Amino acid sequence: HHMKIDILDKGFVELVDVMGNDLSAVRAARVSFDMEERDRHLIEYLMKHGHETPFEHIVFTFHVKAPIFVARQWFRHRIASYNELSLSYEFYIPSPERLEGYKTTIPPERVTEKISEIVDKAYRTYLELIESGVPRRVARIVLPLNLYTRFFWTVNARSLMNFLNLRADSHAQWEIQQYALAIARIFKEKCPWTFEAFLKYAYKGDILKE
């Protein structure tokens, strides 16, 4: 198992590992070792009726590189395991296209440039404070929320479906939607029957059926 999807300017979602497949839910539901029409029908049956515990026996590990404002939202998802890096310094700079629909009173390129400029100033201050003898944990508090971080995320398919309901949705901020779309893409590749049944029966958001 290995997939990697680039997100934003420097981000990514990378698949590290997966335990199981669609049939792992079928086996869990039946408490059996079965290894097709009947099995798809059971997955659909479980999804329609909200019998989601069998999907907890499918597990993914992802490696995610995302800005802190994104990771902070993501880490609100309690039913999962996280290890975050505690070092490189890179920042998410929104592209000009990101800023359209909004009739900004300055050109979107200049908004991009203003963001780049303040990020550069904060980063230079951070580096000065460090070279001055300030400990990193203190100096780092000037750094902006668009600083990239990386983490490992281990999550089961049920909790992943919850994650997608909330984040693969127009009510979510655009940046996390882009991460959710990549998470969805990998889920679909690894668990096509579960994913399709999720979309058909259980998915509460808008963007995945668009």
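In case it trips you up, residue 1 is the first one in the sequence shown, and so on.
Enquirer: Our gap detector needs a label for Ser86 to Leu87. Which class matches the unmodelled residues of the deposited sequence there: none, 1 to 3, 4 to 9, or 10 or more?
Expert: Unresolved stretch here: 4 to 9 residues.
Enquirer: Gap size between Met35 and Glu36, counting deposited residues with no coordinates: none, 1 to 3, 4 to 9, or 10 or more?
Expert: 4 to 9 residues lack coordinates between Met35 and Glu36.
Enquirer: Which of the two stretches, 3-11 or 199-207, shows the higher mean Cα temperature factor in the record?
Expert: Between 199-207 and 3-11, it is 199-207 that shows the higher mean C-alpha B-factor.
Enquirer: Once you work out the mean C-alpha B-factor for both 59-67 and 36-44 from the entry, which is higher?
Expert: The stretch with the larger mean CA B-factor is 36-44.
Enquirer: Return the residue from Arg140, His77, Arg72, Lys114 that has the highest Cα B-factor in the entry.
Expert: Highest CA B-factor of the listed options: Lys114.
Enquirer: Split into thirds by Cα B-factor across the chain's modelled residues, where does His51 land: lowest, middle or highest?
Expert: Tercile = middle for this residue's CA B-factor.
Enquirer: Based on the entry's values, in what third of the chain does the Cα temperature factor of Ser170 lie: lowest, middle or highest?
Expert: Highest third.
Enquirer: Can you tell me which third, lowest, middle or highest, the CA B-factor of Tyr82 falls into for its chain?
Expert: As the PDB entry reports it, the C-alpha B-factor of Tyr82 lands in the lowest third of its chain.
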